Structures are given as C-alpha cells and as structure tokens.
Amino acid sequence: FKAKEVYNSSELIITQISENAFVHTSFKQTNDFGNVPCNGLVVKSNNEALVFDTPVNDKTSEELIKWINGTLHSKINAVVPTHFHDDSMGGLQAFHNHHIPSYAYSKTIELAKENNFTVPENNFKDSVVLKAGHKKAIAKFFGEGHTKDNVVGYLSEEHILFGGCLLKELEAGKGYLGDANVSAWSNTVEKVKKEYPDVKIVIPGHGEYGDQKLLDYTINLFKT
C-alpha cells in the first residue's frame, strides 16, 4: 500500500497507510529541534475508530476528531496516549470533551498526575485489547525506553505497529532523553521485535514510517 496524503491543513496532516489505517501528524514547536512532526495512528472499521496518540494540542485534536466523525463517518471508541508527553497526550482534554474514553498504561496515569496533565481514564497494568468494528488492537507496555511509561499499539490484521516515541525513524538521532531509560531502551524494543514477528509497518513517534528495519535501527541506536 502506497502512502497517500488525504488531509492537509498545515496544522494537521493525515496519511493513509492501509485500507483502514491513517497516520495523523501534528507539529510541536521546540527550542532544541525546531518544528517537530508528531505521529499518531487512526484505525477504522464498521464506522468505528481507535486513535493512538492525541495530536499535540486540543485545537488539532478537535480537528482530528471532526475529521474522523465527519469524513470517516466513524465514532471514536477509544484514545490511547502512548506516553505522557504532550506529543502523545497534549490534546487529551479534547477527546474527553467528546466523551471518548481514554486508556493508558498505569505509569502514564501516574506521570500525568505528577505533572498535572490531563489524566487518562482507564488504567491497564500490562496490556489492553481494544476494538473497532471487528478489528482488535493491542496496547501494551514492553518496558522502559523513551520514557518509563511508553507503550506500543499493534493491529494484528494489518500487521501495523504504532511504536510511538519508543521507535525512531531510520537515521534519527537519540532525541530528548530527559525522561528516558537508555539502559533498558534496546532491550524493550528487542522484546517488541520478538512479539510481532509478522510486522509489516512500523510507525515512529516522529518522522517517516517504514518496515521492521525501524525496530533494528532503534535497537542498535541505544545499545550501550
């Protein structure tokens, strides 16, 4: 499947990557890395949708929600911020304003509270299986890396791994390490690689998606 841009408002870009899945990209202004693109994932089936990661703020989250409802004609069954930083969770309040349930790893909820961020509603201690139509997606904690709380999402039918910020794009630098566990990062991603051996598409938290090579690249980037 050839990636196709299907929406571009400059603040929000949506790229179709399978018959049923889309990457949403929003932008966070930074001091150390300029204007940073930030990825999430939308899966649709039977006029229902799952969303991994909020766009970076409420405004673009409202924009994404309006597009899923109004153009994909789909209700959003759940949103999963894959870690507590704003480029996965910064627009969580917009989702709660639409009464969309949020699911997150226990540590994401702990760190949201510690930082006085919007708090995901439904705690999972290891993994949770979420449904859109007949499709099942797994959100799962494999270990620490980019943060102590980072989780991935996996769509088994389409073999799509949303790696979140635990996964780097090919040739990426190490990025922001303030909250990272660099002693665990490679081991964590090695466990991801072994659990999803049929993976066809890997989406990083920032930059260009790819295939299984992004796991290998990330594993080696952080080998100590």
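Start at 1 with the first residue shown and count on from there.
Peer 1: Quick one: say whether 28-36 or 60-68 has the higher mean Cα B-factor in the deposited entry.
Peer 2: Mean CA B-factor is higher for 28-36.
Peer 1: Quick one: say whether 83-91 or 133-141 has the higher mean Cα B-factor in the deposited entry.
Peer 2: Going by the record's values, the stretch with the higher mean is 133-141.
Peer 1: Taking the chain's C-alpha temperature factors as the reference, tell me which third residue 18 falls into: lowest, middle or highest.
Peer 2: Middle third by C-alpha B-factor.
Peer 1: By the record's CA B-factor, is residue 161 among the lowest, middle or highest third of residues in the chain?
Peer 2: Bottom third by C-alpha B-factor.
Peer 1: If you rank every modelled residue in this chain by C-alpha B factor, which third holds residue 197: lowest, middle or highest?
Peer 2: Within its chain, residue 197 is a middle-third residue by C-alpha B-factor, going by the deposited values.
Peer 1: In terms of the CA temperature factor given in the entry, to which third of its chain does residue 98 belong: lowest, middle or highest?
Peer 2: Ranked within chain, residue 98 CA B lands in the highest tercile.
Peer 1: Lowest, middle or highest third: where is residue 181 by C-alpha B factor in its chain?
Peer 2: According to the entry, residue 181 has a C-alpha B-factor in the chain's middle third.
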